[PDB]
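K.L.:
got an experimental structure here, sequence first:
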Amino acid sequence: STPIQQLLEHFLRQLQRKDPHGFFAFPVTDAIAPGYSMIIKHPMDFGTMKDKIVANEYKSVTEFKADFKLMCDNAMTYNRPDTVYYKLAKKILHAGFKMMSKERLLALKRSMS
Ligand SMILES: Cc1cc(=O)n(C)c2cc(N3CCCCC3=O)ccc12
C-alpha cells in the first residue's frame with residue numbers, strides 16, 4: 001500500500017467517522033430512493049471511493065476531494081433540506097473541505113520534504 005494510498009485511506013477514515021450510520025457507505029438504489037438514478041446521473045459514495053483507492057485510481061488529493069464533493073452535492077440535490085441526509089451531507093462537506101484545505105495540504109507537503 002503506497003504513500004498516497006495511506007494518506008487517502010486516512011482522509012477517508014476521518015470522513016467516514018463523521019457518518020456513524022453509514023448513510024454514505026454504499027450506493028443509493030432506486031428501490032430505497034425513488035427516481036435517484038434519473039436525478040443523480042453521477043452517483044458516488046464512500047465504498048466507491050474506498051474501491052478507487054484500493055485500485056490505485058486516484059492521482060491526487062484534488063481528485064479524491066472532487067469525489068467527496070460529488071457525493072455531498074448529490075445528497076443535497078436529491079434530498080429535501082429537512083432530511084437527515086441533506087443535513088449530514090452539508091455538515092460533512094464543510095468539515096471535509098476544512099480537513100483537506102489547500103493550506104493544510106501545503107503544510108503536509110512541507111513536512112514531506
Ligand atoms: C433515500 C436516501 C437518500 C440519500 O441521499 N442517501 C445517501 C441514502 C442512503 C441510503 N443508504 C445507502 C447505503 C448505505 C446505507 C444507507 O443508509 C439509503 C437511502 C438514502
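P.N.:
Good, I have the coordinates. Numbering: from 1, shown residues only.
K.L.:
is the ligand within reach of the host helix or strand of residue 89?
P.N.:
Element membership of residue 89 [criterion: DSSP states H and E] is helix 84-99. Yes - contact of helix 84-99 with the ligand (Cβ under 6 Å from any ligand atom) involves residue 85. For every residue, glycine as well, the C-beta is placed using N, CA and C.
K.L.:
quick one: buried residues of the next helix or strand after that helix?
P.N.:
Sequence order places helix 102-111 as the next helix or strand after helix 84-99, per DSSP H and E. If you call a residue buried by 16 or more other Cβ atoms under 10 Å, then helix 102-111 has these buried ones: residue 105.
K.L.:
just to revisit the earlier point, list of residues touching the helix holding residue 89?
P.N.:
With contact meaning Cβ atoms under 8 Å, 6 or more residues apart in numbering, helix 84-99 is reached by 11, 14-15, 18-19, 23-24, 65, 68-69, 71-76, 78-81, 104.
K.L.:
now with 7 Å, please.
P.N.:
Residues from elsewhere that reach helix 84-99, judged by Cβ atoms under 7 Å, 6 or more residues apart in numbering: 11, 14-15, 18-19, 23, 68-69, 72, 75-76, 79-80.
K.L.:
ok now the helix or strand that residue 7 is a member of, how far from the chain's centre?
P.N.:
Remark: residue 7 resides in helix 3-17, with elements defined by DSSP H and E. Counting by Cα atoms, centre = their mean, to the nearest Å, helix 3-17 is centred 10 Å from the centre of its parent chain.
K.L.:
stretch 37-51 too?
P.N.:
Centre-to-centre, stretch 37-51 and its host chain are 9 Å apart (Cα atoms, centre = their mean).
K.L.:
contacting residues for the residue nearest the centre of the chain?
P.N.:
By Cα atoms, centre = their mean, the chain has its centre lying nearest to residue 68, at 2.6 Å. By Cβ under 7 Å, 6+ apart, the residues touching residue 68 are 15, 49, 96.
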